[PDB]
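The structure appears below as structure tokens.
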Ligand SMILES: Cc1cn([C@H]2C[C@H](O)[C@@H](COP(=O)(O)OP(=O)(O)OP(=O)(O)O)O2)c(=O)[nH]c1=O
Ligand SMILES: Nc1ncnc2c1ncn2[C@H]1C[C@H](O)[C@@H](COP(=O)(O)OP(=O)(O)O)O1
Ligand SMILES: [Mg+2]
């Protein structure tokens, strides 16, 4: 009984839900860190999938999830949740990860 | 040859674990190794039945799962049904004609018996989530992705059973059977026993714990919770089982039980390392089949393969084998949950004057 | 040869009980003969542990017994420990390599496991009525009146195990083993299986029930009541055990499972008859040893020998054998407790006037 749910990307468009996108983002942020768990972040997100779910709400939830795992035993989560948030702020301001040129930005602002 | 009641009156406390005099009188007031008596008492106290677990909600959850998550769950269930199918009969067939102390004989029978409850619980789970269980069971023997791993594990049992039959019928020595020459070496038989126990330890302490991760990953999402309740009881048994094979292996390897066995353990140390590493690679390969159609929240190929390497290092170190994989922190820490049980208003002005501003 | 997981996909419903394809996948959703599936569920429901029974008072009763009654009780306990020591391992060793349907495989393993609980309870009883359990256990292997029947009973198991090993190693045919010629006949293997099951049926349905009479006769005197509770639990299992062997024997004898087996059952009818008669005669002699120094309230040589003839006729008829003893009523009917389980004041003057005095 597959429903084939849709997610809403940042540019308004929709596509099939693909969990590998979430896997790659977390694997990117946890690279080089010690005693962190991609699996932990996903399961503790308790992310509720509905057809048409905003991709920004998905990402903002896993930020809170990784942020709440910052502990004495797993201190490197302070950097996992930070990289997820820096990544989030790049999209919010630029629509991509790579920032524009310093001159081009000042002109627009 | 093997006898069901040996005539000799022997001091059972001085017999070895294996290949000594076949057990005659079954007594439990004394033990040579009390680890097996404790394992018996502990397994009997854990006695559970599958029907005592509510699995009614699991039928709804399963039908609601995405198509590829149905695949992950039912493939992990078929593989479980296979492994504990072997484990139901094999310790009884392969070890009972070799055991020579009573506490180990009865533990092996208790060990095997507890496995049949697992086999029955798999039937219970299957018949409560699918419409025709025959579709699920018939795929266990014919599906090419499962039976490949069956013959790897069963071979160690089969080869030990065969040499045991020659050792009982012909005894040790060089023989001719239908012209062809047949050599029966007790040292080569002790070697097949050791290698078999190593295979079973990797089966119960690595292969099944990889399967536990899948069953409990559905439960961390509050799905298939009736299955998870049963798998949790099974995991509690499986912890006793691997403890048994670890204690056998380490007692054999240290020469404490049989001095000859210590060197035989060293001649196998390379085979046993390759045996464990192979099991890990086989389970890593099995993970690729589970997620061939997609992954789920909290578990994919990489996560499960990391757990394979994580749990393999632990198990192999427990039996004196070199670690084959890199050091790693637990990639699924959530799995450990399932694998274990005013103002005092008074002032003193005189004391304050005793002070220089 | 024997394999712990056969690769061929067989319809397990069309396999025979014995000598067919070794069981692969263990499923319990369907059966060829559902009698064994019911025996499994019923044995699982009876699960008990020896320590859950209070046997502390039994020590006082035992020390107060007359000297010859200590003998009667303790001799019946050594014989019980002996028989269920054999029964602990033998069904697993002798039958698992021959079973070809899953429901019968799991029953035999459950049957054997439940016997290990009996062996553990005998250790429980012994260590709670005597001061040094080693005194009792060390006498079991050497005892003159026991070892005669111990080796007699184990032989049927041993000979079946031996032929089974040759049948797996060499297969059917005429072979040469170290010069000497060795013939492997499946028909002779089916014959040893049938004779063994007959011996096991006489062991569990006659030999043990003679022992039940002794254990429960003390209980009718409110003595050794902790032992009686355990023996009562053993008797409940023992009824399940002999029912299994009765169904095996009758299915083999009636040709339902194997057409060849029907003829083999008829060629053995004389041996099986002499086998039961020998067992019955052995227990009467065993009864003669028990009361050698005197009798007790409710039980002597005549009473116990009468029960031997009584229980023997019942068992032998259950498997289609001629009755060897005279018809008799139950000489100890008390044993069955332990083995089974104003005025409507209105008048109608009209209706009364409708009457001629
Ligand atoms: C910034 C950065 C991201 N990544 C990872 C994190 C992201 O998962 C991915 C970049 O994200 P995107 O390029 O947005 O890829 P996407 O998987 O969301 O697909 P699309 O938006 O086209 O539908 O690559 C790197 O591997 N290296 C990097 O330097
Ligand atoms: N098809 C999809 N289904 C579910 N989640 C997705 C997805 N694509 C991306 N995501 C998740 C992964 C990231 O953690 C989060 C933000 O991703 P992004 O690359 O910033 O947005 P987008 O790809 O929508 O432009 O959304
Ligand atoms: Mg993107």
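Counting starts with 1 at the first residue shown.
If you're wondering, the header gives X-ray crystallography, 3.2 Å.
Every residue gets a Cβ built from N, Cα and C, even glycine.
What Swiss-Prot says about this protein:
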type     : residues                   : note
ACT_SITE : B:122                      : active site
BINDING  : B:84, B:115, B:118         : Fe cation 1 binding site
BINDING  : B:115, B:204, B:238, B:241 : Fe cation 2 binding site
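Annotated features, which come from Swiss-Prot, shown on the structure.
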residue	record	DSSP class
B:84	Fe cation 1 binding site	helix
B:115	Fe cation 1 binding site	helix
B:122	active site	helix
B:204	Fe cation 2 binding site	helix
B:238	Fe cation 2 binding site	helix
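The recorded positions shown are B:84, B:115, B:118, B:122; of these, the one with its CA atom nearest the CA of residue B:241 (Fe cation 2 binding site) is B:115. Cα to Cα, residue B:238 (Fe cation 2 binding site) and residue B:115 (Fe cation 1 binding site) are separated by 9 Å. Residue B:115 (Fe cation 1 binding site) sits 11 Å from residue B:204 (Fe cation 2 binding site), counting Cα to Cα. Of the chain residues outside the Fe cation 2 site list B:115, B:204, B:238, B:241, B:84, B:87, B:111, B:114, B:118, B:203, B:208, B:237, B:240, B:242 have their Cβ within 8 Å of the site's Cβ mean position. If you measure from the Cα atom of residue B:118 (Fe cation 1 binding site) to that of residue B:204 (Fe cation 2 binding site), you get 13 Å.
Spacing of residue B:204 (Fe cation 2 binding site) relative to residue B:84 (Fe cation 1 binding site) is 9 Å (Cα to Cα, whole number).
Looking at residue B:84 (Fe cation 1 binding site) and residue B:122 (active site), their Cα atoms lie 9 Å from each other.
The residues near the Fe cation 1 site, meaning same-chain residues not in B:84, B:115, B:118 whose C-beta sits within 8 angstroms of the mean position of the site's C-beta atoms, are B:83, B:85, B:87, B:88, B:114, B:116, B:117, B:119, B:122, B:234, B:237, in sequence order. For residue B:241 (Fe cation 2 binding site), the Cβ neighbour count at a 10 Å cut-off comes to 26, with all displayed protein chains included. In sequence order, B:77, B:80, B:81, B:84 are the residues of the chain that are 6 or more apart from residue B:122 (active site) and have a CB within less than 8 Å of its CB.
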